[PDB]
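> This one is an experimental structure. Sequence first:
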Amino acid sequence: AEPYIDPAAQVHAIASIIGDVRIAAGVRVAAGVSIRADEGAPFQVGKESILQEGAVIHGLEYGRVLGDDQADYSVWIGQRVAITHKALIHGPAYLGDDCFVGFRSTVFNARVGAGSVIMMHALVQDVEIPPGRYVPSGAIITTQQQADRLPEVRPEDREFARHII
Amino acid sequence: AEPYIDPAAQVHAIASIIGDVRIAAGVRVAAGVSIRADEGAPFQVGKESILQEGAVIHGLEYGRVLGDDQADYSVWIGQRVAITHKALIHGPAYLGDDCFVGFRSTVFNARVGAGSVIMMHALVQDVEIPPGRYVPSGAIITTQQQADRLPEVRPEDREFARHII
Amino acid sequence: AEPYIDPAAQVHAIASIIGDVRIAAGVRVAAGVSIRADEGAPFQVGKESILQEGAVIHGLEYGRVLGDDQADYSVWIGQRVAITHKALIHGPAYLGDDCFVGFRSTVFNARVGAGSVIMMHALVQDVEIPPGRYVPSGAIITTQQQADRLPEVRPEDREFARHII
Ligand SMILES: [Cl-]
Ligand code: NI
Ligand code: NI
Ligand code: NI
């Protein structure tokens, strides 16, 4: 009912975190981020993840994903996940460790494998993305056939992700 | 100049409603919704409509649509209309009863027929959508030729809309 | 470290401007605009530019553009630039005089020539757009080959831009 905010987390005074949200050590939350586990709960945000301005994390009352701890979540965000300007993560949703979600991109009703890079103005809905895939800018990924055909992340893509954060 | 808020409406303390806005019985407005009839006015929001976080309703000084009461509006939102996360309704705009507007979708200078379902990351501009049409995720509908060719809403699409709200 | 706000600028009480931002005479900034030169700085916003609700101006710590004064900026916005609802300008970025950026459009790591019209739901990234080009609604411009092939702005496009502001 109250968020658990790790003492080593850095949450902006003007960020809004409500309900059963667990924020791990080293997570950075910018001003004008909204995390509300008032419908769908609980939410996990793993160590050293980064949420930038305009990011929103919400969830449906019904629908859960399996966390790495074998517990059920509305939203599971792994370690070192980057959720950039204006991104929307809407439960049920799973982002594995080292994922990047680019500006104005949406993840809804989906599981995103570790080390994936989702670029700008993209939608990922109703699918499982395998680990280490690249979603190009402007992509509209709404079927498992599209998700299974995504190309692999290259070193240059991770380098890009690190520069943006 | 002052909004009319029906006593049976449920408006969040942190929602911002300004100018000649009429909010009917049973309308739910989330925190971080902005409705400003400070340029284009008036706005009607019909019974049991739902506005989710990030939604914005604004309007141009000039340009109106015919409401169901035969009066002129910058924005007419019918009954049981769902305006979901980050949607932008910009007058002149008409949404008929039982319309759904999905995450990050925009309706501008357009009339949307009753019982239409507009999915995620879509734009509807400068057109009339006939009653009961479906606008797929990522669609960019900017001509009357595109609007006239949209497919019909299926029962599964309305079921989807009800689950999201 | 403190913004310079020209006494002839009109900034909403609820707009958030932070760090080394220079706002020129006649600039209008709406409520719920965010301009933060807390990572990338400095930002210039030229005379009689307009920023509408939901607009965000931010910048990367590293990466600059050449301003018209031959000084380096994270973000250079020229004179009479229109940055409309939910647009994201992310440094390093240059917008020349008389540019229009339509609803929910993004300019990142790019130079946009004077008198260009970028329409709704568009992305402009990693490119130089020549002066006086048109970017259609929904366009995803991520390569210099795409930017070099854009059509010219017509009089009707500027007329459209003036009507929106
Ligand atoms: Cl958006
Ligand atoms: Ni929600
Ligand atoms: Ni407006
Ligand atoms: Ni930024």
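The structure has been received and is ready for your questions. Residues are numbered from 1 along each chain as shown, chains lettered A, B, ... in the order given. Ligands and ions are numbered 1, 2, ... in the order given.
> In chain A, what residue comes closest to chain C?
Nearest residue of chain A to chain C: residue A:138, at 3.3 Å (C-beta to the nearest C-beta). The C-beta positions use only the backbone N, C-alpha and C, and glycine is treated the same way.
> so who does the residue lying closest to that residue once chain neighbours are set aside touch?
Distances taken as C-beta to C-beta, 6 or more residues apart in numbering or on different chains put residue C:140 closest to residue A:138, at 3.3 Å, once the chain neighbours are dropped. Residues near residue C:140 by C-beta atoms under 8 Å, 6 or more residues apart in numbering or on different chains: A:121, A:137-138, C:122-123.
> and residue A:33, how far is that from chain B?
Taking C-beta to the nearest C-beta, to the nearest Å as the measure, residue A:33 falls 11 Å from chain B.
> coming back round to it: the residue nearest to residue A:138 pairs with what?
Counting by DSSP bridges, residue C:140 is bridged to residue C:123.
> Count the residues that sit near residue A:8.
12 (other C-beta atoms under 10 Å in any protein chain shown).
> same check, this time on residue A:50
The tally of other residues near residue A:50 (other C-beta under 10 Å) stands at 20.
> Identify the residues contacting it.
By C-beta under 8 Å, 6+ apart, the contact set of residue A:50 is A:27-28, A:81-83, A:165.
> just to revisit the earlier point, thinking the residue of chain A closest to chain C is in contact with residue A:121, fair?
Yes: Residue A:138 lies in contact with residue A:121 (C-beta atoms under 8 Å); the separation is 5.1 Å.
> three-state assignment of the most far-flung residue of chain A relative to its centre?
The centre of chain A is farthest from one residue, residue A:145, which by C-alpha atoms, centre = their mean lies 22.0 Å away. Per DSSP: H, G, I helix; E, B strand; the rest coil, the local secondary structure of residue A:145 is helix.
> What parts of chain A come near chain C?
A:31-32, A:53-54, A:85-86, A:103-104, A:120-121, A:137-138, A:163-164 (C-beta under 8 Å from any C-beta of the partner chain).
> residues near residue A:39, how many?
Applying other C-beta under 10 Å, we find 13 residues neighbouring residue A:39.
> Kindly export the longest helix anywhere in chain A (C-alpha atoms) in CSV.
Ordering each helix of chain A by length in residues (DSSP state H) puts helix A:155-164 first. Only the C-alpha atoms of helix A:155-164 are listed here, as CSV (Å, rounded to 0.1, in the frame of the first residue of the first chain):
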residue,chain,number,x,y,z
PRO,A,155,27.5,-3.5,-29.8
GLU,A,156,26.9,0.0,-31.4
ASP,A,157,23.2,-0.2,-30.2
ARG,A,158,24.3,-0.7,-26.5
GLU,A,159,26.9,2.1,-27.0
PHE,A,160,23.9,4.3,-28.2
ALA,A,161,21.9,3.3,-25.1
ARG,A,162,24.7,4.2,-22.7
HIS,A,163,25.2,7.6,-24.4
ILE,A,164,21.5,8.5,-24.0
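> How far off centre is that helix?
Centroid separation for helix A:155-164 versus its chain: 17 Å, with C-alpha atoms, centre = their mean, to the nearest Å.
> Identify all contacting residues around that helix.
A:82, A:84, A:98, A:100, A:102, A:115, A:117, A:134, C:60, C:62.
> Could you do stretch A:31-38 as well?
A:3, A:12-21, A:29, A:43, A:45, A:51-59, A:74-75, B:31-32, B:53, C:16, C:34, C:36.
> measure it end to end?
End-to-end distance of stretch A:31-38 (C-alpha to C-alpha, to the nearest Å): 20 Å.
> Same question for that stretch: list its buried residues.
By neighbour count on 16 or more other C-beta atoms under 10 Å in any protein chain shown, the buried set for stretch A:31-38 is A:31-37.
> near ligand 1 at all, it?
No: judged by C-beta under 5 Å from the ion, stretch A:31-38 and ligand 1 are separated, with a smallest distance of 12.9 Å.
> If we look just around ligand 1, which residues of chain A are in range?
Contact residues (C-beta under 5 Å from the ion) of chain A with ligand 1: residue A:86.
> For chain A, which residue gets nearest to chain B?
residue A:140 (3.3 Å).
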